[PDB]
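Residues per chain are reported as follows:
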Amino acid sequence: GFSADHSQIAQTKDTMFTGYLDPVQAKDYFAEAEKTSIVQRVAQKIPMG
Amino acid sequence: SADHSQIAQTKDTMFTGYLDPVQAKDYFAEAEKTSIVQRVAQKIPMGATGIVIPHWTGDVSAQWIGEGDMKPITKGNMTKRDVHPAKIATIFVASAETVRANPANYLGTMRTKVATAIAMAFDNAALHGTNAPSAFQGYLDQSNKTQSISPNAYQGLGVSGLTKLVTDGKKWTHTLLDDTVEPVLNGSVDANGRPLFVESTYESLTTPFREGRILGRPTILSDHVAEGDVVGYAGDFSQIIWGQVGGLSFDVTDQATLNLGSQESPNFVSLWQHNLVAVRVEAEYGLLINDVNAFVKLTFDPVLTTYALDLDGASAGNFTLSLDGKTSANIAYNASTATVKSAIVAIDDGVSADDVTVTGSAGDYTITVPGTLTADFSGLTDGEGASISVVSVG
Amino acid sequence: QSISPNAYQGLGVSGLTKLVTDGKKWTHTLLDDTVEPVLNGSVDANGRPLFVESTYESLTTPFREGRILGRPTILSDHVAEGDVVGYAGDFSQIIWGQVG
Amino acid sequence: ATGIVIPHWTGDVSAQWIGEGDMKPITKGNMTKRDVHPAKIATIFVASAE
Amino acid sequence: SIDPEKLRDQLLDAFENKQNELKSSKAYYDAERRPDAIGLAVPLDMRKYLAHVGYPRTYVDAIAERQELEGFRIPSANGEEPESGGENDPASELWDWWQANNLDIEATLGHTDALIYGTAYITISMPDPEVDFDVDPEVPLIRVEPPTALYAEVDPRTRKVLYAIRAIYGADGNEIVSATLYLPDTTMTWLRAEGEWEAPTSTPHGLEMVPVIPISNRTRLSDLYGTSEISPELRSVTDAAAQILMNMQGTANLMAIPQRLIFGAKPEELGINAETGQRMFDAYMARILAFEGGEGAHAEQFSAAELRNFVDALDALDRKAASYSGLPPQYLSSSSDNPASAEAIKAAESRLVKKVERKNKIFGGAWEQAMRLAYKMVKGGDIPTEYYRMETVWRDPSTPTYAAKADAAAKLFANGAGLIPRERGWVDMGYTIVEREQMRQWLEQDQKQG
Amino acid sequence: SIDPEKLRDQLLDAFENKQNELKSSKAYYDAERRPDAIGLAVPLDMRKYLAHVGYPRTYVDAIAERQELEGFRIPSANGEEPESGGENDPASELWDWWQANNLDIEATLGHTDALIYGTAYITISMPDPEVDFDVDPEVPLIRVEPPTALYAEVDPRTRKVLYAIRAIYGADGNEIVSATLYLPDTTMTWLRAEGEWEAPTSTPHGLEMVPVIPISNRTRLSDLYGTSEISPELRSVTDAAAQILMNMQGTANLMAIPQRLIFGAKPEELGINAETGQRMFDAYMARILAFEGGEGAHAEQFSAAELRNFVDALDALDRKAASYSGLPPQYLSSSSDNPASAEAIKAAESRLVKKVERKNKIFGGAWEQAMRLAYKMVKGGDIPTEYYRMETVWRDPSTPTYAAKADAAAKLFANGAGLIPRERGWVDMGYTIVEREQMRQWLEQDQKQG
Amino acid sequence: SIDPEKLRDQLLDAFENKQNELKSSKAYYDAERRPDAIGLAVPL
């Protein structure tokens, strides 16, 4: 190939294009689901003050 | 132009009798190999800039407090990763006389064959390391877990293998099997010698090979998953993302010039001045396996696993090993191959010096062991790239 | 390979292994009707037959010209010769023609 | 009666990962053919006109 | 089912493979530089002067203009005579769509491509008025597309189109700037807007058929796909005559003039300049040359080549090209006649006329089918029974002969007392469905406005 | 009875044994390369330039493009409305079926295949609406198919078909992608041959007879299958003319130029470059070449071949091709006297007209048979007694000499006083059954207006 | 849309380029000199 900022040829490697071609944000494809108490699922709830 | 050319085409010997009325189709044609990775993994919207995947990391917290005991302070946290698409390409070239004649539809044949080769080049760079571009992140052969399936596939997958996933807190969501696996399913029998995975009169295919479920998980077949020791995979296939920047693209010309040698050993030829016609092909792909540890390699018989281990030139502190989740003693930053060997063989699970092998030098080791080996570098005090990974060789 | 002790472990396991190890398919099996005894006599370790169901009224499934492990069976009175009593493999590898 | 001939494809075609500005590789697909010819089988049987 | 993303690339491959066949037939119509046309006796430095033969263009152009759609006929309930009013003759609604689409231009072009390549395609849609067409929005937008820009996979079983793509190479060069995909259920389309295909626009049609109909030049049932009108025997006499013209042109430079020699004379005694090998005297007419000649010297000449010996072959080839094509004899060469009488005209034309009758019927089948599609698509519901019994109708392919026709039709009609009803006189005189409707009004006026 | 699994594979064998000989008949009409067509005097490296000839296509087109079917006529014993134009009348229903299938197009192609190959097959079904056909589903679906796609074993005794198969024969490559087997009580389709045959799907039908009927080019009664119309003489005169055309062409590239020779000079005496075997010459027209010419040098020429010596033969092959085929002499020669008058046209066409009229008589018997069989499909039962006597009608094969007929009919009819009824005048003017039944309406309008 | 001045320069280029096709057809209608017309037997 060529050096970054090779003097004769413009490439997406070149320093002059920093601040452009930045990678787009995305939603978190690996996001874990949030946890919820197992004890509150099985145990009897009672009124309390 | 040359003739019988090793790269071009010039009414070459391939096309002997092309015009003859006695030439029929290839009655023995073999169907095209698709990618399977592009069929099992989640396709993501992708572009020439690449993409950023954000992830949460902070251990947000609360404490129990007595009346009037003044409350604790806490802070969240989050992080960034990014993926850039790599590019794959080829050119093919023929005399204009070959393009005029189009013998055996060679041009149309060639377009569809290179399309399969580009798909397989992606696929073989994801299931294995083969010629993979620098911009892909991970490949499944790195996974550091193995399972023999051969004596009984049910004990292999659903019990022995599945244990290795759930112990690390990893899910099992799919399994992917090569065609060569089938005899082990047919040979998986109960103690009375009746097969497990098929109904009583043995008329039909065993259920995983109908693409049926095993233990609630779907089964995916392939003609071309197996390489070296490995016949298939199991794991959390939701951990894989891939994407593509626009279609498989063809451009064509006779005007241009080609180098028939390397960039440093040039041998240029004009397409125009010889009346050759050439086709450019390109595609552009991204891949990320979010956790290489979330899979199990499937093998017929049991096998040893080989690890490369590097200490980043750290000249102080002691690391430690853990094998199938059982810890060794602590080990010095410059320990000999024999000192690492004895420190591994000392692990209480029953490893022995006829199975364990170690080779290399101080801070740079290869280890062979019958299990899931891991290492902790937190006790080193002079380097931070210190790491361990699986390696595979011819 | 020999189907004599137990036809299932023959055809579907040891036999198929020696095809898929070369990457070659199994798509049909051709048997001589002299194979009928060893199919009828193919049993589990309890000595009950493999292919045919309770009270043994029916003709045995492959000899009903049924498929086994998905692949069609095909039968004749005249394919046995010496030690050989049938073939299993990819019969799509055979082509033939007649000129008038 | 002149038989038949059939092609087959043998071209191990290939494509390579490349960096921006790198040299594209060049590839050629390849082929072979087989011919097949028929054969006669015969007999004659003979009887008196009576 | 099929994923349209892969199906785009899958059918573009077939489309671009087809172009390598069609560029053979095009080279005969466009008179391009074929290899086999280059006449062999011409020396290598003179082979720059290509000679071209017009026969393929002459034949295709003589067929293509002689066919014009005159109208549609659709049978009424009980076989009744139609009328133009409220609850219209369906003959005029289809004609209105035809005229509003300018199809009398698009079809007279598109039939030429159907003769050259053996096929062409008719495409139907409701218009997209949000694209600013300058077209009536309440007419099914019907257009013709050539096989240089559209391809369709045809079912072996039913012969219906399975799927099709229109793909446009850009204004520069040969790179696809857009593709439009015709599924049975839906049309969808992509732009290669900046170097790769943008996300697809889509539009459902819900029909049982793809909205693309192939016109095809079928000669014979065993031609399943249609084939070029520029046939192998017409190609053969074209290329053979191109070689003869080439050799005759070369002969007319090198050989048509006798070459003069002198023998025995010693070059230095003629005063030939040894610096060049040439001395040239004044060529003015009656000057006698005197030569020493003492060596027993004398003059000799190589004769001219007789150019007539090629013209005898050029005539034999024109006479053969007339036989294969059925063009009336005077179209390829002057001959024994230039038809003197209305009979002598209709005699010579008969090959060409009966050939065009076949082209009207075979293209009529596709146009009828495209109008059934356009109705089913614009009005919804289902096609009324009579449209399955529709006929296209076309102007008489023969030369107009009006002044010899009038005496016949007037003598049959005999001022209403005669053999035929007035309306059949108007039909035999050849006035179109439109021109007869105009006369129906002028005749009504002429009974009042006396 | 025979198992249809076995019968299928028996019938693909018989079918493919036919295809191998049908290749020969195709090769003349498509004008493909033939071993016997290559002109021998051409040197082997120049023999790659073929030179095809149009005689056999010209004869088959001139027949097939002259035929058109008109409305069937059914007789009616004691007929109450024997004109048969009313909505109840049986001659109309067969024309609804003819129109709705567009047999007005399909038959025109199917008659070409019946002449090229000697046969074509009519095939009949009720339409399955499960296939979404472009048809009104109460009409019987009729098609005609080439002998390259359908084969049918005729019983020698009855001349009935015993059973038949249609092979749909793939996209390209002899893959029999689907097949339809016709038996007396049932039609079956072996749905696909995708890697292997699918299981069959079957439709029963009430006929005692298979729903397939042969069009056959019956030359003579002693032929019971039908023969190609490209007859052996016309094959041989085509292959004869191909060689003459090719030898004439080769002569023009090699030998229509007289070669110039010089005898009595050593090359170095001429200053010929001995290392390369030639020297350049300034060829400009007036220049005189002086040769030193010692020891009696002189110039000679080999003569040019006279290309007219082949044109003297090509006219004889054209003259024989006309006389064998019976075409008008201006279809081959392109030079013979153009018919100046209506009588001269009537004479010159006469053998072609009688040939076409005989072909109409032979092919009528196939459609006539097919319509009888289609009646038992739609209106189940035995056929009404009148249809066994039905006739096809056909356009007159001669060129439409309208102005001559138009005077003649007026003179016969004499404004209703004359020799013939009005209806006969219309018939002798040649108007179709459809156009007459429309003229019958227009005549009421001209009586009613006063 | 595009800046009128930039667009003007692009179109005047395309226009002034296109002339090299057109001037070939003019040479047949106006009967200009063209090199393929010149007969070869005539001396220079």
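Counting starts from 1 on each chain and goes along its sequence as written, which need not follow the entry numbering; residues with no coordinates are hidden. Chains carry letters from A onward and ligands carry numbers from 1 onward, assigned in written order. Bear in mind the chains here are only a fraction of a larger assembly, and the values reflect that fraction. Note that the side-chain values use all heavy atoms of the structure and ignore hydrogens as well as water.

A.B. asks: Sorry if this is basic, but what is going on with unusual backbone geometry here?
C.D. replies: Only a minority of non-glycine residues have a phi that is not negative, and only a minority of peptide bonds are not trans. One non-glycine residue with positive phi stands out, namely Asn 102 of chain B, at about 45 degrees. Along the chain, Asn 102 of chain B falls in the loop between α2 (96–101) and α3 (106–123). Backbone geometry at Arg 159 of chain F places phi at a positive 60 degrees, although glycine is not the residue there. Helix numbers and strand numbers start at the N terminus; a helix is a DSSP run of H or I with at least 4 residues, a strand a run of E with at least 2. Counting through the fold element by element, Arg 159 of chain F comes out in the loop between β4 (150–154) and β5 (161–167).

A.B. asks: Could you clarify how one ought to interpret the packing of aromatic side chains in this entry?
C.D. replies: Centre-to-centre distance and the angle between the planes together describe a pair of aromatic rings. Between the rings of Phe, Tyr and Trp (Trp by its six-membered ring), a pair exists once the centres lie within 6.5 Å; its type follows the angle of the planes, with under 30 degrees stacked, over 60 edge-to-face, and the other angles tilted. Evaluation of the coordinates by the stated rule reveals 22 aromatic pairs over all chains. Relative to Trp 17 of chain D, the ring of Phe 136 of chain B lies with its centre 5.0 Å away and its plane at 70 degrees, an arrangement referred to as edge-to-face. Within this pair, whereas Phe 136 of chain B is found in the loop between α3 and β5 (146–148), its partner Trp 17 of chain D is found in strand β2 (residues 16–18), the two belonging to separate chains. Taken together, the ring pairs connect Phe 122, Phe 136, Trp 242 and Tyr 285 of chain B together with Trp 17 of chain D into an aromatic cluster. Charge-over-ring contacts are defined here by two conditions on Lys NZ or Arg CZ: a distance within 6 Å of the ring centre and an angle within 35 degrees of the ring normal. When the ring centre of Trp 197 of chain E is taken as reference, the NZ or CZ atom of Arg 192 of chain E above it lies at 4.5 Å. For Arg 57 of chain F, the ring lying beneath its charged end belongs to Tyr 29 of chain F, and the centroid distance is 5.0 Å.

A.B. asks: Even after reading the chapter, I still don't get helix α4 (residues 103–116) of chain F, so can you show me in this structure?
C.D. replies: Structurally, the α-helix is built with 3.6 residues per turn, so residues lying three or four positions apart point the same way. All names here are of chain F. The end-to-end C-alpha distance of α4, which contains 14 residues, comes to 19 Å, matching closely the 20 Å that a straight helix rising 1.5 Å per residue would cover. For α4, every residue scored as buried is listed here: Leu 103, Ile 105, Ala 107, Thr 108, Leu 109, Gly 110, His 111, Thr 112, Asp 113, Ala 114, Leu 115 and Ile 116. Immediately downstream of α4, the backbone of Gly 118 shows phi near 95 degrees, a positive value. The span you would expect from a helix comes to 1.5 Å times its residue count less one. Each residue gets one of three labels from its accessible area relative to the maximum for its type: buried under 20%, exposed over 50%, partly exposed in between, using a 1.4 Å probe on protein chains only.

A.B. asks: I tried to follow the interface of chain E and chain F on my own but got confused; where do I start?
C.D. replies: Accessible area lost on assembly of the parts is the figure often given for the size of an interface. Counting from both sides, the interface comprises 100 residues of chain E and, opposite them, 114 residues of chain F. Carbon and sulfur atoms supply 56% of the area that chain E and chain F bury against each other, a total of about 9,800 Å² over both sides. Definition used for salt bridges: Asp or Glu carboxyl oxygen within 4 Å of a side-chain nitrogen of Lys or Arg. Here chain E is connected to chain F by 12 salt bridges. We define a polar contact as two N or O atoms separated by no more than 3.5 Å, with the added condition that, inside protein, one atom must be a possible hydrogen donor and the other a possible acceptor, whereas residues neighbouring each other in sequence contribute only through side-chain atom pairs. Where chain E touches chain F, the interface holds 51 residue pairs in polar contact. If you list the elements that add at least two residues to the side of chain E that touches chain F, you get α5 (232–254), β10 (259–263), β11 (298–302), α6 (308–325), α7 (342–378), α8 (402–413) and α9 (422–428) of chain E. The residue makeup of the side of chain E that touches chain F, split by class, is 43 nonpolar, 24 polar and 33 charged. Across three bridges, the pairing between β10 of chain E and strand β11 (residues 289–291) of chain F is parallel. Bridge pairing links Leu 261 of chain E to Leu 289 of chain F in β11 of chain F. Should any heavy atoms of two residues lie within 4.5 Å, those residues are counted as being in contact. Accessible area that two parts lose when put together, with a 1.4 Å probe and added across both, is what the buried area reports. Under this grouping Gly is polar, as are all residues other than the nonpolar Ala, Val, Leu, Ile, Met, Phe, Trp, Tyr, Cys and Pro and the charged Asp, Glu, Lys and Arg. DSSP-based pairing: two strands are paired if at least 2 bridges between them are found.

A.B. asks: What is the right way to look at the pattern of salt bridges in this model?
C.D. replies: Once the charged atoms of two side chains with opposite charge are near each other, the side chains can pair. Evaluation of the coordinates by the stated rule reveals 70 salt bridges over all chains. The salt bridge involving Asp 82 of chain B is made with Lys 80 of chain B; its shortest N-O contact spans 2.8 Å. In the salt-bridge network here, residues are joined through shared partners; they are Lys 87, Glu 282 and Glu 284 of chain B together with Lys 24 of chain D.

A.B. asks: What's the story with the packing of helix α4 (residues 103–117) of chain E against α7 of chain E in this structure? I'm lost.
C.D. replies: In a packed pair of helices, the relevant descriptors are the angle between the two axes and the axis-to-axis distance. Residue and element names in this part refer to chain E. In this analysis an axis means a line fitted to C-alpha atoms, helices contributing only their contacting stretch, and an angle means the value between N-to-C directions, from 0 to 180 degrees. Look at α4 against α7: their axes get within 12 Å of each other, and the N-to-C directions meet at 125 degrees. The angle between the axes of α4 and α7 places the two elements in the oblique class. With respect to the hand of their crossing, α4 and α7 are arranged in right-handed fashion. Every residue of α7 that contacts α4 at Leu 103, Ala 107, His 111, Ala 114 and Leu 115 is listed here: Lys 359, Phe 363, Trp 367 and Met 371. Roughly parallel means an angle under 35 degrees; roughly antiparallel means over 145; roughly perpendicular covers 65 to 115; every other angle is labelled oblique. Put simply, a crossing is left-handed when the front helix is turned counterclockwise from the back one by less than a right angle, and right-handed when it is turned clockwise.

A.B. asks: For this particular structure, what's the right way to read the sheet that holds β11 of chain E?
C.D. replies: Pairing between sheet strands relies on hydrogen bonds along the backbone, with the strands arranged either parallel or antiparallel. A sheet is described by the order of its strands in space; here three strands give the open sequence β11(E)-β10(E)-β11(F), paired in mixed fashion. At either margin of the open sheet sits one strand with a lone partner, and together these are β11 of chain E together with β11 of chain F. Between one strand axis and the next, the sheet turns by 25 degrees as a mean value, whatever way the strands run.

A.B. asks: Please explain the side chain of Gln 11 of chain A as it appears in this structure.
C.D. replies: Looking at the element boundaries, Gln 11 of chain A is found in the segment before β1 (24–25). For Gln 11 of chain A, a relative accessible area of 3% gives the class buried. Within the local environment of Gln 11 of chain A, its side chain forms a polar contact with the backbone oxygen of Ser 3 of chain A, the two atoms lying 2.8 Å apart. Here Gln 11 of chain A is in contact with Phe 2, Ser 3, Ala 4, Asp 5, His 6 and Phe 17 of chain A together with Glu 20 of chain D, once residues within four sequence places are set aside.

A.B. asks: Looking at this structure, how should I read a negative patch on the surface?
C.D. replies: Taken together, the side chains of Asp 310, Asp 312, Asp 364, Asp 382 and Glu 384 of chain B define an acidic patch exposed on the protein surface. Within the fold, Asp 312 of chain B resides in the loop between β16 (305–310) and β17 (318–323). Put simply, a patch holds well-exposed residues, over 30% relative accessible area, that have no salt bridge, with like charges counted together within 9 Å and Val, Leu, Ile, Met, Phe, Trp or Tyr side chains within 5 Å. Using a 1.4 Å probe, the Shrake-Rupley method yields the accessible areas, and only the shown protein chains count as cover for residues. For this count, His and the chain ends are skipped, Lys and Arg are scored as positive, and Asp and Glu as negative. Charge placement uses NZ in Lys and CZ in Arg. For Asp and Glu, CG and CD serve respectively.

A.B. asks: I tried to follow the arrangement of the chains on my own but got confused; where do I start?
C.D. replies: Of all 11 pairs of chains in contact, the one with the most contacts involves chains E and F. No part of chain D reaches chain E; the closest C-alpha pair between them is 16 Å apart. A gap remains between chain A and chain G, which never touch, and the nearest two C-alpha atoms on either side lie 22 Å apart.

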